[PDB]
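So the protein sequences, as listed, match chains Q and P.
Quick note on numbering: PDB author numbering labels position 125 of the first sequence as 342, and the sequence is numbered without any gaps.
Quick note on numbering: PDB author numbering labels position 418 of the second sequence as 428, and the sequence is numbered without any gaps.
Ideal Cβ placement from N, Cα and C applies to all residues, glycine included.
Data block below; observations after.
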Amino acid sequence: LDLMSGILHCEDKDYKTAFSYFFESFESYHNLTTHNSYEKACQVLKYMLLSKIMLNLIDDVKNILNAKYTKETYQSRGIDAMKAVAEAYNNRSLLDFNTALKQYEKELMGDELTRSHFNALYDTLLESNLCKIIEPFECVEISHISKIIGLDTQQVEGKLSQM
Amino acid sequence: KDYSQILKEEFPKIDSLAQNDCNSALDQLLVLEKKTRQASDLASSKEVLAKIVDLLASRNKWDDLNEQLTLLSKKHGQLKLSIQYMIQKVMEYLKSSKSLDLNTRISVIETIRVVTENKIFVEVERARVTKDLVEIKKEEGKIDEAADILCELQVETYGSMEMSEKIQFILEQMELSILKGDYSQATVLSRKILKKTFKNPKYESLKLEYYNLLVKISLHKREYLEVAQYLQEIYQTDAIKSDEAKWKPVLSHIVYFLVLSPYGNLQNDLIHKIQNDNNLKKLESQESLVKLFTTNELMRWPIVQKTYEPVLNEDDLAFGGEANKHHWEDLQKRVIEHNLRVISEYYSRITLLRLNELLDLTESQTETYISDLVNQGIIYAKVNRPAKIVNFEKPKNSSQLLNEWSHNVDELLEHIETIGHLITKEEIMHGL
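This is how it looks when you write it as C-alpha cells:
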C-alpha cells in the first residue's frame, strides 16, 4: 500500500512526500527476507535514490550506497548504476551521464515506471550542464559551447534561450 | 586448616593418570560452596579449585579440560568471583606449552562461553584471549576473519581496569581495518578514544600508534588537510621521547603537505618556527618556497620540479613513498593554483596569449583550472573570448565604493590627529 502511494506522486512531483512512504517501506521488505522475493526489495531501493535526485541532494544519496548496512545482501549493477548517475548529476555533464545511460539501459532503464524520470533528467541535466559551461561568467562563444556539449547548433541555441 | 593438607590428601593419584580427579573436584565443590557463597569475597583458596588444571596439562588433551570449565561456569563454582581467578590460571600453561597444541588452541577459546558471552566484566583477561585468536588468524592469511573478531570486542568497553593498555586495544582494530581494504571503518573508532585521551597525557608507546594510524587513514583518502593536522599535533607538542636526530626531518614532510593542500592556516606558523630555518637545509629549502607563493612566476618551478625533488618523489618518515606519478599527480594541479591566485590578486586583465605562456599550458588546459576555482568560491574572473582576455576585477556596487572611501576619510583624520600630537612631542628637539 505504501509502495503504490509514492508512485502516484511521480506525476505531480513533490518527492518529499513520496520519500516518506519509500523510507517506511524499505523496513517492511527488509524484515520479510525469505518470506518474499528479493527482487521486490531491490525496486524499493531504487525509488528512494531516484526521489532524492529530483530534490537535488548529493549528500543524502551517498549516505545509502556508501553505507554497507543499507544494501547488505542486495547488490547488483542496476543498484550501482544510480551511483554513476549521481556522480554525473553532481558534475553536471552529459559525458558521464550518457556513458552509463546506454550501458545500463537493459537494467536500470528496464523499469517503465522509472524510465519517465530519466527522460525528464535529459532536459534537466542539460540545463544543469550549461551551468558548468558558464562558469567563466559571460563573453563565451555559442559555437564554442556546442563543441563542448557535442550537439547541433540549433539544438543548443534553443536550450540557451530557454533558461 | 584443611587447605594446607591438600598436598597429603591423595598420595597415589600424583604418580598415575588419576581418572578419578573429576570426582575429587566435585566432592570439594559442594563442601567449599556452603562455607563461602556470596558473603565472603575471598575465602576458599583459588588453587584448590584450579588444581584440576595442573593435574592434567601435558598428559591429556585440552578438550576434557574445557568440559570441566563448562560445568564450573554453569554451577556456582564455590564463589561468584571465582571465575575471575580461574581464567587467570588458564593464561599460564598456554604460552608455556605450545608445541602441537597451537592448532587445538583455537577450539579452546571458542569452547569457553565466558570469552564469548557477555558477563559482569570482572575479567580483564578475555581481552587478551581474544587478541591471541586474532594473531593466529593473521598468520594464516585471513584479513577478514581477523578484523571481524575484534570488531565485536570493542563494542563492550570495561569501566576502568587498564588505562594505557586499553588504548592499544581500541587502536588495534584501526590497524587491521585498513588491511581489510576499508579505511572508513577505522574513522568511527578515531572519534571516541581520541576525545577521551585529548586532555590526558600520553606516554611514549601511546603516541607511536597515533603517529601512523591518524595519517594512514587520510593517506588513501588523498586529503592533505587532515594529514598535516594530526601529524603536527604530536610533532610540535612534547615528542621528546624520540631522538632529535630523526625528529628534525619529520618537519620536512610537514611543509611539503601544505603545498598539496589548499593553502591553510598553518603556513605562517612554520615560517616563524625556530627549528625550520636552521638545521636541515631541506627544512629551509621548503620554507623558502612558502614565501614564493605570492611571488610565484611559474618560470623556475618546473625546472626544480624536474630536477630537485628531495621531499617530492622520496618519502621516508611520513608516506614512505608510493610512485613518481602519484606524488606528481596533484603537485602540478597545485602549482597552477598558486599562479592563478597571484594573477587574480595582481593582473586586472591579461590576454590569453600571455596567460598561456605564464601557465605553460594550452587553451583547453588554461580554462579548465580557472573555471574549477570559480565554482569553489575562490577566484572570480570574467573570461572575454572576443577580446581574448580574462578580466580578474570583480564588480562592486555603488555602496561598496563609497564605503571604502569612508574608511579613507576616517584614516586621513588619524594621520591629521597623529601629526597634531607630534608637534608637541618633537618640540623638545626643536625647542632645545
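Residue 283/Q, DSSP secondary structure in three states: The count along the first sequence starts at 1 and reaches residue 283/Q at position 66. Coil.
Rounded Cβ spacing between residue 168/P and residue 131/P (contact assumed at less than 8 angstroms): Locating residue 168/P in the second sequence gives position 158, counting from the first residue. Locating residue 131/P in the second sequence gives position 121, counting from the first residue. In this structure residue 168/P touches residue 131/P by the C-beta definition: roughly 6 angstroms separates them, less than 8 angstroms.
Proximal residues to residue 107/P (C-beta, below 8 angstroms), its chain only, five neighbours per side dropped: Start at 1 with the first residue of the second sequence, and residue 107/P comes out as number 97. 67, 68.
Assigned secondary structure, residue 321/P (DSSP; H/G/I helix, E/B strand, else coil): Numbered from 1 along the second sequence, position 311 holds the residue referred to as residue 321/P. Of the three classes helix, strand and coil, the one that applies to residue 321/P here is coil, per DSSP.
For residue 99/P, three-class secondary structure by DSSP: Reading the second sequence from its first residue, position 89 is the one you call residue 99/P. Of the three classes helix, strand and coil, the one that applies to residue 99/P here is helix, per DSSP.
Alpha helix (DSSP H) segment containing residue 138/P, residue limits: Position 128 of the second sequence, counted from the start, is the residue given in the question as residue 138/P. Per DSSP, residue 138/P belongs to the alpha helix (DSSP H) from 136–150.
Residue(s) in a DSSP beta bridge with residue 393/P: Here residue 393/P refers to the residue found at position 383 of the second sequence. The partner list for residue 393/P (beta bridge, DSSP) reads 400/P.
Reduced DSSP category for residue 361/P - H, G, I as helix; E, B as strand; rest coil: Numbered from 1 along the second sequence, position 351 holds the residue referred to as residue 361/P. The answer is strand: DSSP assigns residue 361/P an E or B state.
Residues from the segment 353–373 of chain Q in contact with chain P, defined by Cβ distance under 8 angstroms: 353, 354, 355, 356, 357, 358, 361
Beta carbon proximity, residue 392/P to chain Q, threshold 9 angstroms: As a position in the second sequence, residue 392/P is number 382, starting the count at 1. Interface residue, yes.
Within 9 angstroms, strictly: CB atoms of residue 180/P and residue 136/P: Position 170 of the second sequence, counted from the start, is the residue given in the question as residue 180/P. Position 126 of the second sequence, counted from the start, is the residue given in the question as residue 136/P. No, Cβ-Cβ distance for residue 180/P and residue 136/P is not below 9 angstroms.
Segment contact flag, the segment 327–336 of chain Q with the segment 223–234 of chain Q, C-beta cutoff 8 angstroms, min 3 pairs: Touching, yes.
Sub-9 angstroms separation of residue 224/P and residue 174/P beta-carbons: To locate residue 224/P, count along the second sequence from 1; it is residue 214. To locate residue 174/P, count along the second sequence from 1; it is residue 164. Annotated as distal: residue 224/P and residue 174/P, with beta-carbon spacing of 9 angstroms or more.
Contacts of residue 384/P in chain Q (Cβ-Cβ under 7 angstroms): As a working mapping, residue 384/P is identified with position 374 in the second sequence. Near residue 384/P (Cβ distances below 7 angstroms), the residues of chain Q are 352, 353.
Cβ pair count under 8 angstroms reaching 3, the segment 281–291 of chain Q against the segment 310–321 of chain Q: no
C-beta contact flag for residue 400/P and residue 394/P at 9 angstroms: The sequence position of residue 400/P within the second sequence is 390, counting from 1. The sequence position of residue 394/P within the second sequence is 384, counting from 1. Cβ distance < 9 angstroms, so residue 400/P and residue 394/P count as in contact.
Under 8 angstroms by beta carbon: chain Q residues contacting residue 395/P: Along the second sequence, one-based indexing puts residue 395/P at 385. Within chain Q, the residues near residue 395/P are 356, 357, 358, 361.
Distance CB(residue 359/Q)-CB(residue 344/Q) smaller than 9 angstroms: Reading the first sequence from its first residue, position 142 is the one you call residue 359/Q. Reading the first sequence from its first residue, position 127 is the one you call residue 344/Q. Cβ distance not < 9 angstroms, so residue 359/Q and residue 344/Q don't count as in contact.
Buried versus exposed call for residue 223/Q [16 or more other C-beta atoms within 10 Å across all chains shown]: Residue numbering aside, residue 223/Q sits at position 6 when the first sequence is read from its first letter. Label assigned to residue 223/Q: buried.
Own chain residues within Cβ distance below 6 angstroms of residue 271/Q, not counting five before or after: Here residue 271/Q is taken as the residue at index 54 of the first sequence, counted from 1. Cβ neighbours of residue 271/Q beyond the five flanking positions: 232.
Supposed contact pair residue 327/P and residue 260/P - C-beta distance, whole angstroms, cut 8 angstroms: What you label residue 260/P is simply residue 250 of the second sequence in a count that begins at 1. What you label residue 327/P is simply residue 317 of the second sequence in a count that begins at 1. 5 angstroms between Cβ atoms; contact.
Backbone secondary structure at residue 21/P - three-state DSSP: Residue mapping note: residue 21/P aligns to position 11 of the second sequence, counting from 1. In the structure shown, residue 21/P sits in coil (DSSP, three-state: anything other than H, G, I, E or B).
Residue 379/P to residue 234/P span [Cα, whole Å]: Translated into positions along the second sequence, residue 379/P becomes position 369. Translated into positions along the second sequence, residue 234/P becomes position 224. In a straight line, the C-alpha of residue 379/P is about 19 angstroms away from that of residue 234/P.
Integer-rounded CB distance, given that residue 280/P should sit under 8 angstroms from residue 269/P: As a first step, residue 269/P is located in the second sequence; it is residue number 259 there, counting from the start. As a first step, residue 280/P is located in the second sequence; it is residue number 270 there, counting from the start. No, residue 269/P and residue 280/P are not in contact; Cβ-Cβ is about 12 angstroms, not under 8 angstroms.
Residue 264/Q burial status per 10 Å Cβ neighbour count (16 or more: buried): The count along the first sequence starts at 1 and reaches residue 264/Q at position 47. Residue 264/Q is buried by the Cβ-count criterion.
Three-state secondary structure (DSSP) of residue 422/Q: Look at the range of chain Q in this structure, 218 to 380, and you will see that residue 422/Q is not part of it.
Closer than 8 angstroms at the beta carbon, the chain Q residues around residue 10/P: Chain P is shown from 11 up to 442; residue 10/P falls before or after that span and cannot be answered.
9 angstroms Cβ cut-off: residues of chain Q touching residue 188/P: As a working note, residue 188/P is residue 178 in the second sequence. Under the 9 angstroms cutoff, chain Q gives no residues; its nearest Cβ is about 16 angstroms from residue 188/P.
Any 3 or more C-beta pairs closer than 8 angstroms across the segment 231–250 of chain Q and the segment 298–316 of chain Q: no
Cβ shell of residue 171/P (< 8 angstroms), same chain only, five flanking positions each side left out: Within the second sequence, the letter at position 161 stands for residue 171/P. Here the set comprises 134.
The ligand MG heavy atom lying under 8 angstroms from the CB of residue 285/P: In the structure shown, the ligand MG is absent, as is every other ligand, since no ligand is present at all.
Stretch pair the segment 186–201 of chain P + the segment 138–158 of chain P: three plus CB contacts closer than 8 angstroms: yes
Contact with chain Q by residue 135/P, beta-carbon distance below 9 angstroms: Residue 135/P sits at position 125 when you count from the first residue of the second sequence. It does not; no Cβ of chain Q falls within 9 angstroms.
Closer than 9 angstroms to chain P by CB, residue 349/Q: The residue you call residue 349/Q lines up with position 132 of the first sequence. Yes, contact with chain P.
Pairwise C-alpha distance: residue 353/Q and residue 371/Q: Translated into the one-based positions of the first sequence, residue 371/Q becomes position 154. Translated into the one-based positions of the first sequence, residue 353/Q becomes position 136. About 23 angstroms.
Closer than 9 angstroms to chain P by CB, residue 283/Q: Here residue 283/Q is taken as the residue at index 66 of the first sequence, counted from 1. For residue 283/Q, the answer is yes, since a Cβ of chain P falls inside 9 angstroms of its Cβ.
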